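*Asks:* Before I ask anything, here is the structure I am working with.
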Amino acid sequence: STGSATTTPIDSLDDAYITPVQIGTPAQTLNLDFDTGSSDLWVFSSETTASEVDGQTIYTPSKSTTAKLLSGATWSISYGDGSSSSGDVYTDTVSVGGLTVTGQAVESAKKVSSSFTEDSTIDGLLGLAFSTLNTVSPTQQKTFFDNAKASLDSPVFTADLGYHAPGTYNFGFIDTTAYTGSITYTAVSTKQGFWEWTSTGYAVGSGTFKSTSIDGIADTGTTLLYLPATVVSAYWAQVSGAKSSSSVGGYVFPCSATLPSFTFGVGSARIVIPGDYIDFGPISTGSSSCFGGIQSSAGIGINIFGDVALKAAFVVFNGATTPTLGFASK
Ligand SMILES: CC[C@H](C)[C@H](NC(=O)[C@H](C)NC(=O)[C@@H](CCSC)NC[C@@H](N)Cc1ccccc1)C(=O)O
């Protein structure tokens with residue numbers, strides 16, 4: 001079996017991507033943010049504090065005939081964002097682009113942080129990291145990918161995010177039509193439960209490639225690209241007027257400047273991120289200062305290859321017995 005769904009940016013800056021998901025019977029369609037950095041499938045619902053919902057589409061378990069409450073089960077999640085959500089759990093049928101999974105854990109939100117309430121275009125999240133990260137207790141739950149694995153033609157899923165355009169999420173197969181050249185696979189570490197890999201180095205613009213090991217995680221749930229201070233400094237030094245602002249909390253640059261591309265290494269292969277992808281617009285409406293798409297990870301504790309880097313390639317998440325990450329140009 002297979003599945004394929006279209007993913008769309010929530011705004012003109014590609015802050016996040018939403019993908020339609022069918023939950024329950026009859027089907028209740030909600031637009032979820034596919035997160036390969038988390039392992040929980042939560043959605044705004046009829047249980048969510050009325051004051052905490054502002055325009056989102058909610059899931060009403062009572063209206064689904066396949067919905068069943070998982071007695072005593074609760075959940076609580078926190079994001080690197082400072083974001084948080086919690087509530088109860090139900091089991092229901094979930095379908096993504098034609099691929100159906102029965103008995104999937106659907107975490108119903110009773111409480112949602114302000115950040116979420118503010119985002120009217122996101123109805124919930126669908127975690128695609130490893131199940132060891134699930135926050136359901138006392139009994140931990142498996143992710144949607146984990147539940148489909150068995151039925152997939154291949155235990156894989158691909159990420160093809162678009163730049164200021166719609167993209168695709170495929171389950172069970174590799175569209176050899178979506179990329180150019182060959183796919184370069186790299187080893188993945190599951191120790192921390194993330195799609196953790198090691199990049200072989202980087203290059204700034206037409207500059208010489210620097211061979212250095214960069215351990216980070218492929219996270220579709222993160223907007224930007226977070227790298228070590230040394231690397232980030234080398235990139236920004238090439239942009240006239242660019243500088244780190246303590247008030248803004250990151251590197252900013254004159255909106256009129258032209259950004260150089262950024263190259264990251266994958267084995268002997270190289271993925272080039274056009275400078276256009278790094279521009280995050282005016283820090284504030286009307287401002288002549290723009291926010292950079294490449295920031296330091298000094299305060300995060302881990303390097304993150306977010307949407308900024310991921311959208312520049314065709315990404316294969318091989319969930320085989322020995323997980324691997326595949327990268328290809330497109
Ligand atoms: C960063 C530290 C937090 C607290 C950590 N949580 C995590 O690692 C969770 C699973 N994953 C995440 O926080 C991140 C992974 C990067 S750091 C590990 N997943 C992407 C994420 N931004 C989800 C999101 C999407 C839209 C809006 C907001 C947030 C924890 O449990 O300790």
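Residue numbering restarts at 1 for every chain of the structure tokens, chains are lettered A, B, ... in their displayed order, and ligands are numbered from 1 as they appear.
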Would you give me, as CSV, each residue of chain A having an atom within 6 Å of an atom of ligand 1, along with its shortest atom pair and that distance in Å to one decimal, using only C-alpha atoms and all ligand atoms and sorting by chain and residue number?

*Replies:*
```
residue,atom,partner,partner_atom_place_in_ligand_line,distance
A:35,CA,ligand 1,20 (C),5.8
A:37,CA,ligand 1,19 (N),3.6
A:38,CA,ligand 1,10 (C),3.9
A:78,CA,ligand 1,4 (C),4.5
A:79,CA,ligand 1,13 (O),3.4
A:80,CA,ligand 1,1 (C),3.0
A:81,CA,ligand 1,28 (C),5.6
A:83,CA,ligand 1,28 (C),5.7
A:219,CA,ligand 1,20 (C),5.9
A:221,CA,ligand 1,20 (C),4.0
A:222,CA,ligand 1,22 (N),4.5
```

*Asks:* Would you save the residues from that selection as an mmCIF file, in the first residue's frame, using C-alpha atoms?

*Replies:*
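Contents of the output file result02.cif:
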```
data_model
loop_
_atom_site.group_PDB
_atom_site.id
_atom_site.type_symbol
_atom_site.label_atom_id
_atom_site.label_comp_id
_atom_site.auth_asym_id
_atom_site.auth_seq_id
_atom_site.Cartn_x
_atom_site.Cartn_y
_atom_site.Cartn_z
ATOM 1 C CA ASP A 35 6.874 17.007 12.213
ATOM 2 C CA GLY A 37 11.189 16.171 15.012
ATOM 3 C CA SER A 38 8.413 14.882 17.267
ATOM 4 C CA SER A 78 6.984 20.665 25.000
ATOM 5 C CA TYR A 79 8.734 22.058 21.910
ATOM 6 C CA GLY A 80 12.151 23.635 21.533
ATOM 7 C CA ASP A 81 9.898 26.580 20.771
ATOM 8 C CA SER A 83 5.531 25.653 22.912
ATOM 9 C CA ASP A 219 13.345 18.313 11.261
ATOM 10 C CA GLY A 221 8.833 20.870 12.038
ATOM 11 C CA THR A 222 11.510 23.568 12.242
#
```

*Asks:* If we count only C-alpha atoms, what is near segment 101-109 of chain A at a cut-off of 10 Å, once residues fewer than 3 positions away on the same chain are taken out, given as an MDAnalysis selection string?

*Replies:* chainID A and resid 23:24 40:49 58:61 66:70 73:76 85:96 98 112 124:126 135:136 140:148 151

*Asks:* Taking N, CA and C atoms for each residue, export the selection above as a compact mmCIF listing (two decimals), in the first residue's frame.

*Replies:*
```
# COMPACT_ATOMS: atom_id res chain seq x y z
N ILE A 23 -9.59 12.14 9.66
CA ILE A 23 -9.67 11.42 10.93
C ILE A 23 -11.11 11.08 11.29
N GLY A 24 -11.35 9.82 11.65
CA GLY A 24 -12.65 9.36 12.06
C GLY A 24 -13.58 8.83 10.99
N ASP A 40 4.40 12.72 18.32
CA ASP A 40 3.03 12.75 18.84
C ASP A 40 2.06 13.26 17.77
N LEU A 41 0.89 12.65 17.72
CA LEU A 41 -0.16 13.07 16.77
C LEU A 41 -1.28 13.72 17.58
N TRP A 42 -1.23 15.04 17.71
CA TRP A 42 -2.25 15.75 18.48
C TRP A 42 -3.05 16.71 17.63
N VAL A 43 -4.29 16.98 18.04
CA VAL A 43 -5.14 17.88 17.26
C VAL A 43 -6.03 18.73 18.17
N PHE A 44 -6.40 19.91 17.68
CA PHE A 44 -7.34 20.74 18.50
C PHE A 44 -8.66 19.95 18.49
N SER A 45 -9.44 20.02 19.56
CA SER A 45 -10.69 19.23 19.54
C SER A 45 -11.83 19.89 20.27
N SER A 46 -12.87 19.10 20.54
CA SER A 46 -14.04 19.55 21.25
C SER A 46 -13.75 19.67 22.75
N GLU A 47 -12.62 19.12 23.18
CA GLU A 47 -12.20 19.14 24.56
C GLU A 47 -11.29 20.33 24.87
N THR A 48 -10.73 20.92 23.82
CA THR A 48 -9.83 22.05 23.97
C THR A 48 -10.49 23.23 24.66
N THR A 49 -9.78 23.83 25.61
CA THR A 49 -10.33 24.99 26.33
C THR A 49 -10.82 26.03 25.32
N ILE A 58 -11.54 21.86 14.62
CA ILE A 58 -11.39 20.90 15.71
C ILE A 58 -11.92 19.52 15.38
N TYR A 59 -11.40 18.53 16.10
CA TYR A 59 -11.83 17.14 15.93
C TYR A 59 -12.88 16.85 17.01
N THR A 60 -14.02 16.32 16.59
CA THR A 60 -15.09 16.00 17.55
C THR A 60 -15.27 14.49 17.61
N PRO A 61 -14.56 13.86 18.56
CA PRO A 61 -14.58 12.42 18.74
C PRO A 61 -15.98 11.85 18.85
N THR A 66 -15.80 5.45 14.97
CA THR A 66 -14.65 4.55 15.17
C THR A 66 -13.79 5.06 16.33
N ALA A 67 -14.18 6.20 16.88
CA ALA A 67 -13.45 6.80 17.99
C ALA A 67 -13.70 6.05 19.30
N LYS A 68 -12.63 5.81 20.04
CA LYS A 68 -12.72 5.13 21.33
C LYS A 68 -11.74 5.76 22.33
N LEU A 69 -12.24 6.12 23.50
CA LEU A 69 -11.39 6.74 24.52
C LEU A 69 -10.41 5.73 25.11
N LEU A 70 -9.15 6.14 25.22
CA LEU A 70 -8.13 5.25 25.82
C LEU A 70 -8.02 5.64 27.31
N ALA A 73 -5.26 7.23 29.81
CA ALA A 73 -4.11 7.72 29.05
C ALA A 73 -4.14 9.23 28.91
N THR A 74 -2.99 9.85 29.15
CA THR A 74 -2.84 11.30 29.05
C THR A 74 -1.53 11.61 28.31
N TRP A 75 -1.36 12.86 27.91
CA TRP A 75 -0.13 13.24 27.19
C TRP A 75 0.25 14.68 27.51
N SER A 76 1.53 14.99 27.32
CA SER A 76 2.06 16.32 27.57
C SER A 76 3.33 16.52 26.75
N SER A 85 1.64 21.57 24.78
CA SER A 85 0.29 21.09 24.59
C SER A 85 0.06 19.83 25.41
N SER A 86 -1.19 19.61 25.83
CA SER A 86 -1.50 18.42 26.63
C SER A 86 -2.98 18.11 26.62
N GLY A 87 -3.32 16.89 27.03
CA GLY A 87 -4.71 16.49 27.07
C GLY A 87 -4.89 14.98 27.16
N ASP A 88 -6.02 14.49 26.66
CA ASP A 88 -6.35 13.10 26.68
C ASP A 88 -6.11 12.40 25.36
N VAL A 89 -6.36 11.09 25.32
CA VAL A 89 -6.12 10.29 24.15
C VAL A 89 -7.31 9.44 23.72
N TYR A 90 -7.42 9.28 22.40
CA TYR A 90 -8.45 8.47 21.78
C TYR A 90 -7.78 7.62 20.67
N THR A 91 -8.48 6.58 20.24
CA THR A 91 -7.95 5.76 19.13
C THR A 91 -8.97 5.91 17.99
N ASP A 92 -8.48 6.11 16.77
CA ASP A 92 -9.42 6.27 15.64
C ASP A 92 -8.75 5.90 14.32
N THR A 93 -9.53 5.98 13.25
CA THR A 93 -8.97 5.68 11.92
C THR A 93 -8.39 6.98 11.35
N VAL A 94 -7.20 6.89 10.79
CA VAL A 94 -6.54 8.06 10.20
C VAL A 94 -6.06 7.73 8.79
N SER A 95 -6.37 8.61 7.84
CA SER A 95 -5.96 8.40 6.47
C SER A 95 -5.18 9.60 5.93
N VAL A 96 -4.06 9.31 5.28
CA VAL A 96 -3.22 10.33 4.68
C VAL A 96 -3.01 10.01 3.20
N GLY A 98 -4.84 8.62 1.00
CA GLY A 98 -5.26 7.31 0.56
C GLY A 98 -4.76 6.17 1.42
N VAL A 112 -3.74 24.26 25.19
CA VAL A 112 -2.78 24.61 24.13
C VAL A 112 -2.08 25.92 24.47
N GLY A 124 -3.20 20.95 14.11
CA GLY A 124 -2.56 19.96 14.96
C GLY A 124 -1.25 19.53 14.32
N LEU A 125 -0.58 18.56 14.94
CA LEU A 125 0.70 18.07 14.43
C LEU A 125 0.67 16.56 14.22
N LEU A 126 1.50 16.08 13.31
CA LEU A 126 1.65 14.64 13.06
C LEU A 126 3.15 14.31 13.14
N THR A 135 4.88 10.90 24.00
CA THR A 135 4.61 11.34 25.34
C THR A 135 3.40 10.72 25.99
N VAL A 136 2.77 9.73 25.35
CA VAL A 136 1.60 9.11 25.94
C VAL A 136 1.95 8.21 27.12
N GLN A 140 2.95 4.17 26.28
CA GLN A 140 3.48 4.92 25.14
C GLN A 140 2.86 4.44 23.84
N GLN A 141 2.60 5.37 22.92
CA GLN A 141 1.99 5.02 21.65
C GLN A 141 2.95 5.10 20.48
N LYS A 142 2.61 4.42 19.39
CA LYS A 142 3.42 4.40 18.18
C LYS A 142 2.97 5.50 17.22
N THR A 143 3.88 5.95 16.36
CA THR A 143 3.54 7.00 15.39
C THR A 143 2.75 6.39 14.23
N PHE A 144 2.21 7.27 13.39
CA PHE A 144 1.44 6.86 12.22
C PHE A 144 2.31 6.07 11.25
N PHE A 145 3.56 6.51 11.06
CA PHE A 145 4.46 5.80 10.15
C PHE A 145 4.71 4.38 10.66
N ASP A 146 4.91 4.28 11.98
CA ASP A 146 5.16 3.00 12.61
C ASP A 146 4.00 2.03 12.43
N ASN A 147 2.78 2.57 12.45
CA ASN A 147 1.58 1.77 12.28
C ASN A 147 1.31 1.39 10.84
N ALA A 148 1.90 2.13 9.90
CA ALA A 148 1.68 1.82 8.49
C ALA A 148 2.79 0.95 7.92
N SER A 151 2.25 -2.40 6.34
CA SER A 151 1.47 -2.39 5.13
C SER A 151 2.06 -1.65 3.97
```

*Asks:* Rounded to one decimal place, report the atom CA of residue 292 of chain A-atom CA of residue 242 of chain A distance in Å.

*Replies:*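 Spanning atom CA of residue 292 of chain A to atom CA of residue 242 of chain A is a straight-line distance of 9.0 Å.
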
*Asks:* List every residue of segment 86-259 of chain A that DSSP, applied to the backbone, labels as strand (DSSP E), and write the result as a PyMOL selection string.

*Replies:* chain A and resi 86-96+99-112+124-127+156-160+167-171+180-187+196-204+210-218+225-227+243-245+250-254

*Asks:* If we count only C-alpha atoms, what is near residue 175 of chain A at a cut-off of 12 Å, once residues fewer than 2 positions away on the same chain are taken out, given as a list in words?

*Replies:*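 Non-adjacent residues within range: residues 2, 3, 4, 156, 157, 158, 159, 160, 168, 169, 170, 171, 172, 173, 177, 178, 179, 180, 183, 314, 315, 316, 328 and 330 of chain A.
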
*Asks:* Could you write out the selected residues, including N, CA and C atoms, as a tab-separated table (two decimals), in the first residue's frame?

*Replies:*
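The new file selection-v4.tsv reads:
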```
chain	number	residue	atom	x	y	z
A	2	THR	N	0.30	2.35	-0.50
A	2	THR	CA	0.99	3.61	-0.57
A	2	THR	C	0.07	4.78	-0.22
A	3	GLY	N	0.67	5.96	-0.15
A	3	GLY	CA	-0.07	7.17	0.16
A	3	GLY	C	0.72	8.39	-0.28
A	4	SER	N	0.01	9.41	-0.74
A	4	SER	CA	0.65	10.65	-1.19
A	4	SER	C	-0.29	11.83	-0.97
A	156	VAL	N	9.28	3.38	3.89
A	156	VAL	CA	9.85	4.69	3.66
A	156	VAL	C	8.79	5.76	3.42
A	157	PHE	N	9.21	7.00	3.61
A	157	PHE	CA	8.41	8.18	3.37
A	157	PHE	C	9.32	9.26	2.79
A	158	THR	N	8.81	10.07	1.87
A	158	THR	CA	9.69	11.10	1.29
A	158	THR	C	9.12	12.49	1.53
A	159	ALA	N	10.01	13.46	1.67
A	159	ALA	CA	9.68	14.85	1.89
A	159	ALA	C	10.17	15.70	0.72
A	160	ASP	N	9.22	16.38	0.08
A	160	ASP	CA	9.54	17.23	-1.07
A	160	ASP	C	8.86	18.60	-0.90
A	168	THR	N	5.11	17.76	-1.70
A	168	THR	CA	4.50	16.45	-1.53
A	168	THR	C	5.15	15.60	-0.45
A	169	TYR	N	4.32	14.78	0.19
A	169	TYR	CA	4.69	13.82	1.20
A	169	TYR	C	4.19	12.45	0.68
A	170	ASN	N	5.12	11.55	0.41
A	170	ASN	CA	4.75	10.22	-0.09
A	170	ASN	C	5.08	9.14	0.92
A	171	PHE	N	4.24	8.11	0.97
A	171	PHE	CA	4.45	7.01	1.91
A	171	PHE	C	4.46	5.67	1.17
A	172	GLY	N	5.53	4.90	1.35
A	172	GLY	CA	5.61	3.60	0.73
A	172	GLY	C	6.32	3.50	-0.61
A	173	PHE	N	6.77	4.62	-1.17
A	173	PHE	CA	7.45	4.55	-2.47
A	173	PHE	C	8.32	5.77	-2.73
A	177	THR	N	10.71	10.46	-10.23
A	177	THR	CA	10.41	11.55	-11.16
A	177	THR	C	10.60	12.91	-10.48
A	178	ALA	N	10.61	12.91	-9.15
A	178	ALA	CA	10.74	14.06	-8.33
A	178	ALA	C	12.11	14.62	-8.11
A	179	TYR	N	13.17	13.91	-8.52
A	179	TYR	CA	14.52	14.46	-8.28
A	179	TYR	C	15.42	14.26	-9.48
A	180	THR	N	16.61	14.86	-9.41
A	180	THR	CA	17.61	14.74	-10.46
A	180	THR	C	18.85	14.01	-9.91
A	183	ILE	N	20.31	9.45	-5.53
A	183	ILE	CA	20.04	9.71	-4.11
A	183	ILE	C	21.26	9.23	-3.30
A	314	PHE	N	15.35	16.55	-2.26
A	314	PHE	CA	14.28	15.51	-2.18
A	314	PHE	C	14.78	14.59	-1.04
A	315	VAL	N	14.02	14.53	0.05
A	315	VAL	CA	14.40	13.78	1.21
A	315	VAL	C	13.74	12.45	1.42
A	316	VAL	N	14.56	11.40	1.54
A	316	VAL	CA	14.07	10.06	1.76
A	316	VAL	C	14.32	9.60	3.20
A	328	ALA	N	18.82	14.12	-2.28
A	328	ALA	CA	18.99	14.27	-3.73
A	328	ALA	C	18.66	15.70	-4.15
A	330	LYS	N	17.02	18.56	-6.72
A	330	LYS	CA	15.77	18.55	-7.49
A	330	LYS	C	15.64	19.86	-8.30
```

*Asks:* So which residues touch segment 225-229 of chain A within 7 Å, counting only C-alpha atoms, skipping near sequence neighbours fewer than 3 positions away, as an mmCIF file with C-alpha atoms, in the first residue's frame?

*Replies:*
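Below is the file selection.cif, written as the result:
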```cif
data_model
loop_
_atom_site.group_PDB
_atom_site.id
_atom_site.type_symbol
_atom_site.label_atom_id
_atom_site.label_comp_id
_atom_site.auth_asym_id
_atom_site.auth_seq_id
_atom_site.Cartn_x
_atom_site.Cartn_y
_atom_site.Cartn_z
ATOM 1 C CA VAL A 232 27.005 30.754 11.005
ATOM 2 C CA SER A 233 29.584 33.477 11.558
ATOM 3 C CA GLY A 293 17.362 31.955 7.599
ATOM 4 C CA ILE A 294 20.609 30.631 9.082
ATOM 5 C CA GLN A 295 21.002 31.091 12.849
ATOM 6 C CA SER A 296 23.284 29.788 15.583
ATOM 7 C CA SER A 297 22.483 26.642 17.541
ATOM 8 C CA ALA A 298 24.602 27.690 20.526
ATOM 9 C CA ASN A 303 22.073 21.467 15.154
ATOM 10 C CA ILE A 304 18.832 21.519 13.191
ATOM 11 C CA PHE A 305 18.404 21.023 9.451
ATOM 12 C CA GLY A 306 14.979 22.662 9.210
ATOM 13 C CA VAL A 308 15.314 25.968 4.899
ATOM 14 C CA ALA A 309 17.717 23.137 4.100
#
```

*Asks:* What gap, in Å, lies between atom CA of residue 18 of chain A and atom CA of residue 65 of chain A?

*Replies:*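 Interatomic distance, atom CA of residue 18 of chain A to atom CA of residue 65 of chain A: 25.8 Å.
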
*Asks:* Write down as a PyMOL selection string the residues belonging to segment 19-257 of chain A that are assigned alpha helix (DSSP H) by DSSP computed on the backbone.

*Replies:* chain A and resi 114-118+144-148+229-236

*Asks:* Please identify all polymer residues within 9 Å of residue 257 of chain A, counting only C-alpha atoms, omitting same-chain residues fewer than 2 positions from it, and present them as a ChimeraX atom specification.

*Replies:* /A:239-242,253-255,259
